[PDB]
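First, one chain by itself in structure tokens, the form solved without the ligand.
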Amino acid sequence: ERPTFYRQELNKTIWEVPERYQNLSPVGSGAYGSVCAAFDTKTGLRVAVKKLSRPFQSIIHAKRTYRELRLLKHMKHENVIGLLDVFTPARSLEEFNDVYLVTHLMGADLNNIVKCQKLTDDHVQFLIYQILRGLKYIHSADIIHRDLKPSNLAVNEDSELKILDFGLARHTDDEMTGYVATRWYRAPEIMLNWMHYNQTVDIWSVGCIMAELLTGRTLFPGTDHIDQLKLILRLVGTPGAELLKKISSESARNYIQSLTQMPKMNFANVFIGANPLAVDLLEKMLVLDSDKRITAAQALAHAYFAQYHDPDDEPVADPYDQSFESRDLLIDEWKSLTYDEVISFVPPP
């Protein structure tokens, strides 16, 4: 029951896909692969078809391909991007070389929509609510997004939102250098590798996003890692003795101690005119000590979301086994694992 594939030269490369996918139009390409928008005749949906580039060129890339596939296959939630289809023109493992991932084509991201723009409080409540709803689900599976930012949040005409572009491969040092949005939303503990981070880094990101939706401005637009740290400490105050101890690196800890101490600012005087409940939530999310930040599940129960919160309609995820992350395998082994995941894929209802 293998579909019939047809070939077409797109993105300077040959694309071989099932007949169901029509009107392929290149819309982007990265170091990870090329993407084409298409019309899926089987579902009637507009979709993004991503052809990975040399998915098995090294152990690192092979494991990354496997990682991304396992992750997309697991995500089954309204506010998270899921996998509509995955296919390969290969008819056997020996012939297996290419991987195509198919997902919902999302109109645009939060970035290309609210850029230099301030949204109403009701609008912010709905958007942040959906992000936290997707995040409760994600974290419940012990998965950390690690790269939440406006450009990784898709929204349709009805303001329905989906989280995407999970952190699969560590960004390059150059990618996080300077006045770049790629770093403005990162929690300080991970921006400067202070300690073994956890799911709480994602809540810091939500806080930065939320503040930007409310003000129309980037909360911490640092020109470099240090400038950014100063912008952050200026708002939330410098680390106390309790947090200092939790910082593994002696170097980091030592640099921190060189800074003049500063008290946490009054957020009501920072986010002027903002809903007091919004201010309160921001203070709970933008906490320097990650151990003390509010969790997604806790945040959903915060009064700011009274209008949308429904404890019976904020599902958690099935257990997600990521023991493979510690597996030491050869390229071909990662490739065979990916192959099994491709052929065992079951279309969503």
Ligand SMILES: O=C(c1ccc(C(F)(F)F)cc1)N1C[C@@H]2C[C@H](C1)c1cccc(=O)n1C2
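Residues carry their position along the shown sequence, with the first being 1.
Of 240 to 248 and 270 to 278, which one has the bigger average CA B-factor? Here the higher of the two C-alpha B-factor means belongs to 240 to 248.
Between 114 to 122 and 134 to 142, which has the larger average Cα B-factor in the PDB entry? Comparing averages over the C-alpha atoms only gives 114 to 122.
Deposited CA B-factor, highest of 234, 171, 77, 217: Among 234, 171, 77, 217, the PDB entry lists the largest C-alpha B-factor for 171.
Choose from 72, 176, 148, 99 the residue with the greatest Cα B-factor as stated in the PDB record. 176 has the highest C-alpha B-factor of those listed.
Sort the modelled residues of this chain by their C-alpha B factor and say whether residue 254 lands in the lowest, middle or highest third. As the PDB entry reports it, the C-alpha B-factor of residue 254 lands in the highest third of its chain.
Residue 104 - which third its CA temperature factor falls in, relative to the rest of the chain: Its C-alpha B-factor, which the entry lists for residue 104, ranks in the highest third among residues of this chain.
Would you check the entry's CA temperature factor for residue 193 and let me know if it's in the chain's lowest, middle or highest third? Highest third - that is where residue 193 ends up once the chain's C-alpha B-factors are sorted.
Per the entry's values, where does residue 58 land by CA temperature factor relative to the rest of its chain, in the lowest, middle or highest third? As the PDB entry reports it, the C-alpha B-factor of residue 58 lands in the highest third of its chain.
Cα B factor band for residue 152 (lowest, middle or highest third within the chain): Middle third of the chain for residue 152's C-alpha B-factor.
Just so you know, the form solved in complex with the ligand exists too; it's not on screen, but the next bit is about it.
Open or blocked, can you tell me? Superimpose the site C-alphas, put the ligand where it sits in the bound PDB entry, and call it blocked only if 3 or more of its atoms are within 2.4 Å of a backbone or C-beta atom. Blocked: the placed ligand clashes with backbone or C-beta atoms.
4.5 angstroms heavy atom contact with the ligand in the bound PDB entry for residue 64: Taking the distances in the bound PDB entry, the answer for residue 64 is yes, it comes within 4.5 Å of the ligand.
Check whether residue 147 has any heavy atom within 4.5 Å of a heavy atom of the ligand in the bound PDB entry, and answer yes or no. Looking in the bound PDB entry, residue contacts with the ligand include residue 147, since a heavy atom lies within 4.5 Å.
Is it the case that residue 78, even though its partner is missing from this view, gets within 4.5 Å of the ligand in the bound PDB entry, heavy atoms only? Residue 78 lies outside the contact set for the ligand.
Contact of residue 314 with the ligand in the bound PDB entry (heavy atom, 4.5 Å): Outside the cut-off, so no.
Proximity to the ligand in the bound PDB entry, single hit among 219, 71, 278, 235 (heavy atom within 4.5 Å): Residue within 4.5 Å of the partner: 71.
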